[PDB]
Every structure is written in C-alpha cells, then in structure tokens.
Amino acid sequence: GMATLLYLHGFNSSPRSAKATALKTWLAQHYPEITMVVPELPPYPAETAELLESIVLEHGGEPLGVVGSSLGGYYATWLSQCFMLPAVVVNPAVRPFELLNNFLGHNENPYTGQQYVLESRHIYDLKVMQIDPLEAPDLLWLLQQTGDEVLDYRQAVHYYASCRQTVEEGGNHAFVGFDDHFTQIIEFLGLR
C-alpha cells in the first residue's frame, strides 16, 4: 500500500495526454513511492462515476489525491466532496452541461479512436454529480489560466472562490507550464 495520485483527463482526451505523461514521468523520477493511476474514462458520465468509485475503493486504504483537467476537474470535484479527498483542478469545467452540448451525437475520440454516441440523457447524468454548495472547500485547489480559449475562466474562479486558487494571466486551455506546480501539487494532496 502506497500513496497514490489519481489523474483524470478531459473529455475526448486520454491517459496519453501531455499533462498526464509529464506528471507521470516527473513523479517516477522524484517520488517513486507515489504511484500514479490514470484511467481511460468512459465518455458516458454515469459509467465514469461507477469506474471512479471502484478506483477509490481499491486505493482508499492509503493516501489518495486527485488531479483533474477540464471535465476531469469536474469529476475530481465530485470525488473530492463525496469521498473527502483532496483534489487539484486544472482549468476545470464547472458548467459541463454547456461544455458537452456540442458533443451531442456521434463522436470519435481523436486520441483513442473510440466511437460513441452522446445523448441528452448523458448530459442530465453529468448534472447529478454537481456539487453545490461546496461543503469542503479546504480540499480543493484551483489552477486556472485566464487565456483559456475553451472555457470562460471567470466561472471556475467564482465557483471555487472559497478554495485555494492560483490564477495566472494568459496561457491557454491546455495549461502552460503545468510542470512548474508539481511539487506544490504533491504537497497539497498530502502525498509527499
């Protein structure tokens, strides 16, 4: 049983994302005692929730912290507040029903090639994982760049107002300079 970092990728991303790979390589070099779990998330929110529950069951006997990017940050917030886990959320989607609206219909993940159909019922499924009000804001750290061209940064800054925040002017949705924050991330998550 080791401490574990759980990384949650964004919608239509994958575990081979640049951020996930950079963190996995850095963690293996500097903190090999912290294992990294990076699941391939189903596109269907109800099924993502069930998979994440099984991961928390498996890893909950040891320190466990979550990092999530974009929609992965929305899932990380739900895990944080439902399972009392610390989480760092990176350019998170806080109104994901608007985010996923333009993924309705048939889709193919550009990383993995998986084909899937997103239906309106899936968006309603995502809404049930919405946390409002935040009951344990001390468990969350928002990392946000104002230059995010996909999401309006102001939504996250307001939603996470009672949490630790690092808001950087400029940047983009992919989050520039993610690696500059890695030691502070492991410290916030209680894994160091």
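The numbering used is simple: start at 1 and walk along the sequence shown.
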Higher of the two mean Cα B-factors (128-136, 155-163; per PDB record) comes from 128-136
Higher avg CA temperature factor (101-109 vs 69-77, as deposited) belongs to 101-109
Comparing C-alpha B-factors across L8, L5, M2, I185 in this entry, the winner is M2
In terms of its chain's C-alpha B-factors, the third that includes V117 is the lowest
Assert third(CA B-factor, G147) within chain per record equals highest
Chain-relative C-alpha B factor for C82 (record values, thirds): the highest
So, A93's CA B-factor, relative to its chain, sits in which third? The middle
Binned into thirds over the chain's modelled residues, the C-alpha B-factor of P39 lands in the lowest
